[PDB]
A.B. asks: 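Got a structure for you, written out below as structure tokens; questions coming shortly.
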Amino acid sequence: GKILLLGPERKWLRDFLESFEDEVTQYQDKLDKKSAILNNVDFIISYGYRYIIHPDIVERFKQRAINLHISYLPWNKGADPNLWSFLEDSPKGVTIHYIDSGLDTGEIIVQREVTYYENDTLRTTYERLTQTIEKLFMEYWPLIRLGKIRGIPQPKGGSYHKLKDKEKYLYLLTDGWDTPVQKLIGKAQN
Ligand SMILES: CC(=O)N[C@H]1[C@@H](OP(=O)(O)OP(=O)(O)OC[C@H]2O[C@@H](n3ccc(=O)[nH]c3=O)[C@H](O)[C@@H]2O)O[C@@H](C)[C@H](N)[C@@H]1O
């Protein structure tokens with residue numbers, strides 16, 4: 001098969017996908033719906049892609065497109081999920097889901113709660129989320145690749161953010177991603 005990776009190039013992920021004897025191409029810029037990049041692609045994986053996939057592409061790749069999203073869906077769809085999970089004191093974790101129209105709303109394939117600890121920062125929690133989802137993907141991709149797996153419908157509810165929603169809270173992040181999370185818990189509530 002031919003896999004299209006949307007998002008940044010990552011050596012471990014290229015090597016993993018290629019170990020199954022699949023053909024792997026990667027792209028991280030805006031993807032026009034008639035682009036030849038999609039010619040003969042059999043499966044789409046997005047991880048870290050910063051553009052919304054065109055609906056015509058989504059429908060064309062029904063049940064052949066997944067997204068690796070570092071939130072516990074349905075909470076924190078969209079942008080900066082790790083940050084919002086502390087600002088809004090929400091469930092924390094990672095989710096692999098089929099891509100459907102709209103913004104991180106598709107069927108859940110598997111998810112995992114990720115805990116945080118005393119002294120964690122936005123950096124340490126983000127890196128933990130990242131390790132969790134990458135191992136989870138490695139565990140499940142053998143099944144996903146063979147269509148040996150289906151999802152369950154993602155419940156409506158949870159939450160959704162856009163990039164600009166965090167602007168009024170940036171002043172709390174005095175150490176950038178090294179800001180301790182304890183300082184942020186629930187700051188967007190009340
Ligand atoms: C709006 C958008 O398009 N988002 C991308 C993606 O973005 P991302 O790939 O995860 O990078 P982000 O911009 O969040 O961070 C860049 C770097 O800053 C560091 N960092 C950041 C935040 C944090 O809490 N702690 C921390 O340490 C770390 O090194 C990280 O790599 O997020 C996905 C969930 C979206 N599905 C989408 O794909």
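Remember, it's 1-based here, ligands and their atoms both numbered in the order they're listed. Values below: all heavy atoms of this structure, side chains included; hydrogens, waters and symmetry mates excluded. All residue numbers refer to positions in the sequence shown, counting from 1.
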A.B. asks: What's the shortest distance from atom 6 (C) of ligand 1 to any protein heavy atom, and which residue and atom give it?
C.D. replies: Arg50 NH1, 3.9 Å
A.B. asks: Measure from atom 25 (N) of ligand 1 to every heavy atom in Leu122, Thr125, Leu103, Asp178 and give the option owning the shortest one.
C.D. replies: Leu122
A.B. asks: Tell me whether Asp80 has any N or O atom under 3.5 angstrom from an N or O of ligand 1.
C.D. replies: no
A.B. asks: Among all protein non-hydrogen atoms, which one is nearest to atom 29 (O) of ligand 1, and what is the separation to 0.1 Å?
C.D. replies: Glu127 OE2, 4.0 Å
A.B. asks: Could you tell me how the ring of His161 sits relative to the ring of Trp84: parallel (under 30°), tilted (30 to 60°) or perpendicular (over 60°)?
C.D. replies: parallel
A.B. asks: Looking at residues at least two apart in the chain, or sitting in another chain, which of them share a salt bridge (charged side-chain N to carboxylate O under 4.0 Å, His left out) with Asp42?
C.D. replies: none
A.B. asks: Could you tell me the separation between the OG atom of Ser159 and the CG atom of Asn76, rounded to the nearest 0.5 Å?
C.D. replies: 4.0 Å
A.B. asks: Kindly indicate whether a cation-pi arrangement holds for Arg145 with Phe20, taking the cut-offs as under 6.0 Å to the six-membered ring centre and within 45° of the axis.
C.D. replies: no
A.B. asks: Could you tell me the residue and atom name of the protein heavy atom closest to atom 17 (C) of ligand 1, and the distance to it rounded to 0.1 Å?
C.D. replies: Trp177 NE1, 4.4 Å
A.B. asks: Which residue supplies the protein heavy atom nearest to atom 11 (O) of ligand 1, what is that atom called, and how far is it?
C.D. replies: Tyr126 OH, 3.7 Å
A.B. asks: For a quick test of your reading: what N or O donor-acceptor pairs under 3.5 Å do the side chains of residues 51-60 make, sequence neighbours left out?
C.D. replies:
unit_1 : atom_1 : unit_2 : atom_2 : d
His54  : ND1    : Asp56  : N      : 2.9
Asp56  : OD2    : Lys33  : NZ     : 3.0
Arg60  : NH2    : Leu38  : O      : 3.2

A.B. asks: Tell me whether the NZ or CZ atom of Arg123 lies within the 45° cone about the ring axis of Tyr126 and under 6.0 Å from its centre.
C.D. replies: no
A.B. asks: Any chance you could measure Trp141, atom CH2, to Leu146, atom CG, to the nearest 0.5 Å?
C.D. replies: 9.0 Å
A.B. asks: If I apply the N/O under 3.5 Å rule, does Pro81 come out as touching ligand 1?
C.D. replies: no
A.B. asks: Would you mind running through ligand 1 and noting each atom that sits below 4.0 Å from a heavy atom of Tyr49?
C.D. replies: 3 (O), 5 (C), 37 (C), 38 (O)
A.B. asks: Using a strict cut-off of 4.0 Å, indicate which atoms of ligand 1 neighbour a heavy atom of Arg123.
C.D. replies: 27 (O)
A.B. asks: Assess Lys11 against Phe16: is NZ or CZ under 6.0 Å from the centre of the six-membered ring, and within 45 degrees of the ring's axis?
C.D. replies: no
A.B. asks: Purely on distance, is any nitrogen or oxygen of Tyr47 under 3.5 Å from one on ligand 1?
C.D. replies: no
A.B. asks: Could you tell me, atom by atom, which parts of ligand 1 come under 4.0 Å of a heavy atom of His69?
C.D. replies: 34 (C), 36 (N)
A.B. asks: Please report whether ligand 1 has a polar contact with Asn82, defined as an N or O pair separated by less than 3.5 Å (distance criterion only).
C.D. replies: yes
